[PDB]
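**Student:** Take a look at the following structure, please.
Note that each Cβ is placed from the backbone with ideal geometry, even for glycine, and that neighbours are counted across all protein chains shown. Where a number appears in this text, it was derived from the coordinates with a stated rule and is not lab data.
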Ligand code: BCL
Ligand code: BCL
Ligand code: BCL
Ligand code: BCL
Ligand code: BCL
Ligand code: BCL
Ligand code: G2O
Ligand code: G2O
Ligand code: SF4
Ligand code: SF4
Ligand code: SF4
Ligand SMILES: [Ca+2]
Ligand SMILES: [Ca+2]
């Protein structure tokens, strides 16, 4: 059953096909970057105003400031220079992306003919360049992914050297080893060029061997690289959060708070029902014009930092989940093919014994249960103490429980909030890892399905029926969906922590007494925005204030409770209801149609119902989390006084 | 959950269970009565206040058992009366439980033929019993006549109320109780002279009679809820309700008198440490709060009773379809669904009308939202503000507006939406047109899956359709709650800080400022909830129950089963490691039918646990309309 | 050909029905008892079922009840079963996995 999400599946694609797809994607990404750069032109070089501060460009902006582009200037001439540089680099991106799309089409058609020299370049054998390829490799990687890592690292070294050159000439950043200032990223680009050239030549002369991927690279290598790059993206998000909070990046990020922005959808000055433009609130600005939103109050620096960090973090988590799912698909393929017993590598042979799988998954489950129970009991006890039910004041809460002084170096203000954040992240990581391990090990047969004589014969089978009163969602696809739903909690913890919230309790800052006395008894110079449940109330003030954020709120909520319809165990009910719908639509016969209504009402397959349900669930959840991170930072450095002295 | 199945119980078992339950109801009624005595005759401080007692209180004020008076001696006399009536309820409930145990356990002396108050039990019912249910309708009506007459004579004798027939006093209740006793006696004597003819409930009928009576009682409860909402709003009932606005109420779980940490300091002077802080009834609108609680309790109980009556009727229908009795019912209540073509017509018509009206009202709501938030450059003049109930229908609503139109259309759409599942239960209990086309019939009231086939066949059974009916009626019940709490259900964000959000009041010229739109209602009710620790705890517990429901809702039971096998292996290995050969504790995972049962239980439970907070936070609706934004 | 299904092994999932053309309708459910305890199984009508082999070639059976008898008489639970292997683990003494 080849669906519309299986036509681009790698099993049907070759190496050249995916090369062409990647190049087409790179070119389209360059075109999108040109769109964004144009969208960042604050004042047009024509002599006219510009675009209204898209979130895409507001994210892109500080990086551009790091370069010679995009001055943080209110001066109109310098801002026009910023627009000119942005537009020029956008046009350059457009040209390069067009050429990349052309190359991607050539590699998609397997039609590699140079117009100037009428020769056909073989994908399996060639020289990278006229002389450079003969200088370094003397040939081509022999159609094996392990042999390509060398040339790939050499190409990455070339790209790093080119980036250094571009910074040196066009952007005018002379490499010096001062890492606090901007003009060392080019020096480190050159250092990385040297390092990666050495690594590439070593891996070309000595290819590393993990022979699992080479055979069906299309899924095994895809899964391994996707999980690795997901962890890389998580690391990049962490590094970004640490660095954007550093004073070294401050000239490029804190100044974002100094300047105000006119955002698309930010509330406009409201005219009355009778405005004779031939009554208007905020008359100095023109009618239906966006009121400026001050960065200092909005915390635009941390808002952009949070958008970047959580974008990379969630993309990395999703990439990890997809890598595990695609590795499970490959493992199921080799399990049905009989190659699972023939892999001969540590990454499979260790999991070949089902008892080792049981031990690993049981250890993960025990750690998850223990950590989750500990942290959840702490959270609910803090909530109980601050709401004072059962006659417990916050002196009985876990305010004493700070991180260890040895481990206190990596927190701004040591508190129970950081403790609960770390414990929740570990618990959610293990919680998702339960399902990831299930995908990794139980792609074909679980120990239960070993005891009970069933086996999973597909990556997208719904279930095995009502036998044993169960069998729902044992497919690796369904385990991926459960892993995503379980990691929703961890990603939510990440977002709420980076935005600023009391995760150690649920209702922190509510008009209750001991909820307000938390800061008094905790000795914190940071006033966290609010507790878990009070976070919505405190941070929806802006979301309601802004019509655009409210529209996103409504759409995400609709998406979520439409996911509800396909998530539940109701597919048969929907099928019979659709048959009734079809029968009444046929009853539009004898309503003067004289037209045979050949329209059977469709109902998604369970393997498709869970797919749609998870997609809409995640989509609504994080369309709303975008508003969480776009409401504002709203963290004031002022401890709360006790309600009663 | 089937341990009191009707087929397991005889008629006498049902009588005994009902008697025991009426006795325990009397016991809990006494519990509430002693839970509401403000000041004891002892003189010691008494129970603060309970939503149970704050619900009961207007009735006690109407009856004179308790008073709203502001005198300590008056409240002490009221508490003495309350304690006396609670003791009476305790004793009579104990007697009723005694009868319930003497009837659940068949130990008396003639249940097939007996005598009831023989001295005049030979005058009525010829000195014999009601052999069957058709013969039992008569004596049941006469017994209810005796109940009404007893209420009348008790009200006259013990409560000391006049028989005056004017309908603006409790004397009206006395006079109408006597009239109802007479009317019930007439109905019962006619039914004894002529038993009814609905034979389907005269064969094996426990489940059938129970289902039809539960549906009738559920519709009666919805009618009672509407009637109570209208009457509790009437000025004639105002002396018993609007005084809730004029009084202060100290409720459990309210913000205590906040103590210091170096205290032997307190927030409020002269109110001791950890003391429930006073609340003004005008701020809460406690009259509207109490009537909301009562009316919504009745409405949801009626909805649930209707749903369960349809479900049990579907159970009986499957029973009589399995043994071939379905095809020989002479009662019209089966002949209109036996053809299996009228079933398709009815369900398709209901689906189509529900679709049309629901799509219309949803489009209206979203267009109101778009004109609110000025999305795509739409002013407030582009909304459905011209759209109101017609003057012919305007007498139904006070302050007619788009709010009332959307409420009526939404409640009708929700009724039809739940009726889709109710009709699916009612007609496709054994045979469905799809399942007749597929060649597969059904045989159990709870078959959850029937396997992944034709894409999957989850949730076809009668029980699963009951769960879906409850799920879809959650929206209708939410509409009822949000209308009785004053929410602007016509749009999504009304009165919100935004463009053209207040403007509604300047556009519709409303004399009543509604609370908030759909999404701004949560904010504007939680601003008051978060003050209360009790409502906050209910909030969190309800959400906890709600999301724990999803572990059994989703199509995930098999994943849970293999995970439970893994958990069992882990537990066995560990318990055999640190302890000697202890082998036990298989992890129990609920079956898919039971999984749906628990999931619906938790979903409904949490959802309406939170709707209780909606209806108990306060009314917070002002008569002064919002100004234009200009 | 003459495909059979072992109801003792079958658990009643009905993917054979999805793999069967609607015009033939060879796969059918047979109910025995409680659905949650295994209940219904599936059966093939030999006269109606005419050598499509879609069911077995799809290799969708979890229970291995879907069997194919051959003219010479051999029976197949799966199109290609993995080979049976003498399993025994590897641990290098000086490497980190010891
Ligand atoms: C960080 C870099 C990642 C990576 C990021 C991406 C991204 C991003 C994309 C691909 C795409 C593809 N990649 Mg990749 N991929 C990685 C590693 C690999 C490896 C490997 C190492 O073995 C292989 C074999 C592939 C193979 C493939 C194909 C499935 C496909 C390109 C060929 C084709 O013509 O598509 C035919 C179809 C098209 C090229 C375009 C179809 C239309 C649109 C653009 C598809 C969008 C899908 C989705 C919304 C992408 C969203 C990303 C999320 C927002 C986080 N990837 C590395 C590790 N790859 C694209 C693909 O199609 O994904 C399904 C794609 O979106
Ligand atoms: C590549 C596909 C698209 C494209 C899409 C993008 C995207 C997407 C972005 C830019 C952005 C940039 N683009 Mg571009 N752009 C393209 C073509 C070009 C070309 C060119 C001649 O091909 C040039 C000179 C530029 C120029 C630039 C700069 C103005 C700017 C910052 C570059 C930089 O920091 O790189 C840093 C260079 C290096 C790190 C070395 C080279 C890459 C190495 C070998 C790969 C590993 C690093 C990888 C990028 C990150 C992974 C880190 C992990 C730890 C492994 N674009 C094409 C058409 N462009 C950025 C932006 O605007 O920022 C706001 C940005 O994020
Ligand atoms: C470490 C570098 C890469 C990595 C590289 C590879 C490679 C290479 C392969 C896989 C493959 C698989 N990957 Mg991986 N994978 C990583 C992260 C993950 C994570 C995760 C969330 O941590 C998961 C769940 C998976 C999931 C999976 C499975 C689908 C599959 C292995 C099945 C098996 O039997 O394993 C058995 C389990 C193990 C062998 C576990 C022990 C791991 C190593 C060998 C031993 C030392 C590490 C020690 C236990 C931990 C502490 C020290 C570490 C340095 C932190 N990958 C990271 C990102 N993965 C294989 C597959 O077929 O892909 C399609 C494959 O070829
Ligand atoms: C039988 C179960 C329990 C019991 C449990 C309860 C419960 C539970 C409640 C009361 C309540 C009350 N009970 Mg008591 N109570 C019992 C025994 C008594 C005795 C006694 C003679 O011993 C007395 C004097 C009372 C007196 C009272 C009042 C103080 C108070 C209001 C009654 C009133 O409105 O009735 C009016 C009486 C009638 C109208 C009699 C006829 C009843 C009709 C038929 C009920 C259904 C009507 C409905 C519309 C459906 C009709 C369907 C068909 C068309 C026929 N109870 C026993 C011990 N008591 C109420 C309360 O506290 O209010 C706040 C209340 O709801
Ligand atoms: C008047 C409206 C309803 C009606 C209302 C009810 C209600 C309501 C209940 C019954 C119950 C029963 N009904 Mg009935 N009953 C009606 C007409 C009928 C007819 C008929 C037409 O002849 C029949 C055959 C039956 C048949 C039956 C039995 C299945 C069962 C009695 C057995 C027993 O053990 O229950 C006794 C069982 C209980 C003790 C357990 C359930 C009740 C709760 C858990 C315990 C009561 C204490 C309470 C929680 C304390 C309050 C605490 C405060 C909230 C803090 N009903 C009509 C249709 N009937 C009861 C039963 O459980 O049904 C399964 C039950 O709860
Ligand atoms: C008005 C009186 C009662 C009523 C009385 C009965 C009786 C009596 C029985 C059922 C039975 C059933 N009830 Mg009922 N039922 C009512 C409300 C409902 C509702 C609902 C509207 O939500 C539903 C879904 C059900 C569900 C069901 C089914 C489980 C079952 C009927 C199956 C079928 O073939 O019906 C086909 C029938 C119909 C399509 C409707 C028949 C209507 C008849 C012909 C009356 C004239 C209709 C006319 C428009 C009314 C004008 C007003 C005049 C004053 C009469 N009941 C109300 C509360 N119901 C049967 C069962 O087995 O119970 C266990 C049964 O014998
Ligand atoms: C807080 C609420 C929740 C739990 C408590 C819990 C417990 C749990 N579940 Mg869950 N879950 C959801 C919520 C909760 N699921 C939601 C909203 C969804 C919708 C998508 C969902 C879905 C799936 C799927 C699809 C599968 C599972 C499993 C699986 C476990 C197996 C072992 C494990 O994870 O150990 C890790 C241990 C934990 C997960 C539990 C530690 C306690 C903690 C401190 C919270 C305590 C909450 C509460 C106070 C306890 C009740 C006491 C009182 C209130 C009466 C396992 C212990 C499955 C398996 O058995 O294998 C993994 C499986 O297949 N789920
Ligand atoms: C906005 C949210 C929803 C709908 C829109 C909807 C549409 C719908 N569903 Mg649903 N559903 C849930 C939400 C929604 N279900 C939830 C949260 C659960 C979890 C329990 C759930 C579950 C079940 C089960 C188990 C069954 C169904 C059916 C059934 C229908 C058949 C005919 C009917 O009822 O029309 C009445 C319903 C309509 C008038 C819907 C059409 C306009 C609308 C007014 C609002 C328009 C919203 C718009 C389409 C969204 C995007 C617009 C644009 C971007 C394209 C049918 C039209 C089944 C049947 O076919 O028969 C009833 C069946 O068995 N469900
Ligand atoms: S409920 Fe649905 S997904 Fe679960 S076993 Fe039954 S048919 Fe399969
Ligand atoms: S072989 Fe052909 S006819 Fe027989 S069951 Fe399979 S698909 Fe149906
Ligand atoms: S695929 Fe196997 S388990 Fe499923 S119905 Fe066919 S024979 Fe039975
Ligand atoms: Ca925020
Ligand atoms: Ca309220």
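**Student:** Among the residues of the range B:602-617, which ones are more than 16 Å from ligand 8 (Cβ to nearest atom) and within 14 Å of chain A (Cβ to nearest Cβ)?
**Tutor:** Scanning the range B:602-617 gives B:610, B:613, B:617.
**Student:** Still on this structure, please answer the following. For residue A:589, all conditions in the list (1) surrounded by 15 or more Cβ atoms within 10 Å (Cβ to Cβ); (2) more than 10 Å from chain B (Cβ to nearest Cβ); (3) in a loop (DSSP other than H, G, I, E, B) hold save one; what is the number of the exception?
**Tutor:** Failing condition for residue A:589: (1).
**Student:** If you go through the range B:278-292 one residue at a time, do you hit one that is part of a helix (DSSP H, G or I), more than 16 Å from ligand 13 (Cβ to nearest atom) and away from chain A (no Cβ under 14 Å)?
**Tutor:** No, the conditions are met nowhere in the range B:278-292.
**Student:** Given the criteria over 13 Å from residue B:343 (Cα atoms), more than 9 Å from every other protein chain (Cβ to nearest Cβ) and away from ligand 10 (no atom under 16 Å from the Cβ), does residue B:425 qualify?
**Tutor:** Taking the combined requirement at face value, the residue does not satisfy it.
**Student:** Mind listing just one residue for me: the one in the range B:513-532 that is closer than 16 Å to residue B:622 by Cβ, within 11 Å of chain A (Cβ to nearest Cβ) and touching a helix residue (DSSP H, G or I) at 6+ places or on another chain (Cβ under 9 Å) and, of those, surrounded by the most Cβ atoms within 10 Å (Cβ to Cβ)?
**Tutor:** For the range B:513-532, the residue satisfying everything is B:517.
**Student:** Okay, next question. In this structure, is residue A:233 more than 16 Å from ligand 12 (Cβ to nearest atom), part of a helix (DSSP H, G or I) and either away from every other protein chain (no Cβ under 14 Å) or under 27 Å from residue A:308 (Cα atoms) (or both)?
**Tutor:** yes
**Student:** Here's a follow-up. Considering B:479, B:551, which residue is assigned to a helix (DSSP H, G or I), within 12 Å of another protein chain (Cβ to nearest Cβ) and either closer than 25 Å to residue B:600 by Cβ or within 23 Å of the chain's Cα centre (by Cα) (or both)?
**Tutor:** B:551
**Student:** Same structure, new question: Can you name the condition, by its number, that residue A:438 falls short on among (1) part of a helix (DSSP H, G or I); (2) surrounded by fewer than 22 Cβ atoms within 10 Å (Cβ to Cβ)?
**Tutor:** It fails just one condition, (2).
**Student:** Write out, first by first residue and then by second, each pair whose Cβ atoms fall under 6 Å of each other, whose residues are 6+ apart or on separate chains, and whose first residue, in the range A:433-445, is away from every other protein chain (no Cβ under 12 Å) while the second is within 12 Å of ligand 7 (Cβ to nearest atom).
**Tutor:** A:433/A:364; A:436/A:483
Results for (1) more than 17 Å from residue B:103 (Cα to Cα); (2) within 14 Å of chain C (Cβ to nearest Cβ); (3) within 16 Å of ligand 6 (Cβ to nearest atom); (4) surrounded by 19 or more Cβ atoms within 10 Å (Cβ to Cβ), shown as yes or no for each residue.
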site: B:4; (1), (2), (3), (4): no, no, no, no
site: B:10; (1), (2), (3), (4): no, no, no, no
site: B:19; (1), (2), (3), (4): no, no, no, yes
site: B:55; (1), (2), (3), (4): yes, no, no, no
site: B:61; (1), (2), (3), (4): yes, no, no, yes
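**Student:** For the range C:5-18, what are the residues that are over 14 Å from residue B:449 (Cα atoms), at the interface with another protein chain (Cβ under 10 Å from one of its Cβ atoms) and not in a loop (DSSP other than H, G, I, E, B)?
**Tutor:** Answer for the range C:5-18, where residues must be over 14 Å from residue B:449 (Cα atoms), at the interface with another protein chain (Cβ under 10 Å from one of its Cβ atoms) and not in a loop (DSSP other than H, G, I, E, B): C:16, C:17, C:18.
**Student:** I'd like the full set of residues that are touching a helix residue (DSSP H, G or I) at 6+ places or on another chain (Cβ under 8 Å) and surrounded by 19 or more Cβ atoms within 10 Å (Cβ to Cβ), limited to the range C:45-79.
**Tutor:** Passing the criteria: C:55, C:61, C:62, C:66.
**Student:** Pull out all pairs, ordered by first then second residue, where Cβ-Cβ is under 7 Å, the residues are six or more apart or on different chains, the first lies in the range B:560-572 and is more than 7 Å from chain A (Cβ to nearest Cβ), and the second is surrounded by fewer than 22 Cβ atoms within 10 Å (Cβ to Cβ).
**Tutor:** B:564/B:587; B:568/B:586; B:568/B:587; B:571/B:585; B:572/B:583
**Student:** Residues being in a helix (DSSP H, G or I) and surrounded by fewer than 24 Cβ atoms within 10 Å (Cβ to Cβ): count how many of those fall in the range B:453-467.
**Tutor:** Adding up the residues that qualify gives 1.
**Student:** Somewhere in the range A:208-221, is a residue on the phi > 0 side of the Ramachandran plot and in contact with a helix residue (DSSP H, G or I) (Cβ under 7 Å, 6 or more places away or on another chain)?
**Tutor:** For the range A:208-221, residues on the phi > 0 side of the Ramachandran plot and in contact with a helix residue (DSSP H, G or I) (Cβ under 7 Å, 6 or more places away or on another chain): absent.
**Student:** Determine which member of the set A:485, A:452, A:464 is within 11 Å of chain B (Cβ to nearest Cβ) and more than 23 Å from residue A:324 (Cα to Cα).
**Tutor:** A:452
**Student:** Report the residue count in the range C:35-66 for those that are in a loop (DSSP other than H, G, I, E, B), over 10 Å from the mean Cα position of the chain (by Cα) and within 16 Å of ligand 9 (Cβ to nearest atom).
**Tutor:** Number satisfying all stated conditions: 3.
**Student:** Looking for something within 12 Å of another protein chain (Cβ to nearest Cβ) and closer than 21 Å to residue A:562 by Cβ - is there at least one such residue anywhere in the range B:494-512?
**Tutor:** Taking every residue of the range B:494-512 in turn, none turns out to be within 12 Å of another protein chain (Cβ to nearest Cβ) and closer than 21 Å to residue A:562 by Cβ.
**Student:** Could I ask something else about it? For the range C:25-40, enumerate the residues that are surrounded by 14 or more Cβ atoms within 10 Å (Cβ to Cβ) and either at the interface with chain A (Cβ under 10 Å from one of its Cβ atoms) or more than 23 Å from residue B:558 (Cα to Cα) (or both).
**Tutor:** C:25, C:26, C:27, C:28, C:34, C:35, C:36, C:38, C:39, C:40
**Student:** Separate question: It is to be established whether one or more residues within the range B:387-403 are in a helix (DSSP H, G or I) and crowded, with 20+ Cβ neighbours inside 10 Å.
**Tutor:** Scanning the range B:387-403, I find at least one residue that is in a helix (DSSP H, G or I) and crowded, with 20+ Cβ neighbours inside 10 Å, so the answer is yes.
**Student:** Only residues in the range A:78-94 that are within 14 Å of another protein chain (Cβ to nearest Cβ) and under 13 Å from residue A:57 (Cα atoms) count as the first member; pair them with residues that are away from ligand 4 (no atom under 16 Å from the Cβ) and assigned to a helix (DSSP H, G or I), Cβ under 6 angstrom, at least 6 apart or cross-chain, and list the lot.
**Tutor:** No pair meets every condition.
**Student:** If only one of B:261, B:256 is surrounded by 17 or more Cβ atoms within 10 Å (Cβ to Cβ) and within 14 Å of chain A (Cβ to nearest Cβ), which one is it?
**Tutor:** Exactly one of B:261, B:256 is surrounded by 17 or more Cβ atoms within 10 Å (Cβ to Cβ) and within 14 Å of chain A (Cβ to nearest Cβ), namely B:256.
**Student:** For the range B:304-325, how many residues are within 12 Å of the chain's Cα centre (by Cα) and either within 16 Å of ligand 8 (Cβ to nearest atom) or within 14 Å of another protein chain (Cβ to nearest Cβ) (or both)?
**Tutor:** 1
**Student:** From the list B:539, B:544, B:535, exactly one residue is surrounded by fewer than 18 Cβ atoms within 10 Å (Cβ to Cβ), under 28 Å from residue A:507 (Cα atoms) and either within 16 Å of ligand 3 (Cβ to nearest atom) or within 12 Å of chain A (Cβ to nearest Cβ) (or both). Which is it?
**Tutor:** The unique qualifying residue is B:544.
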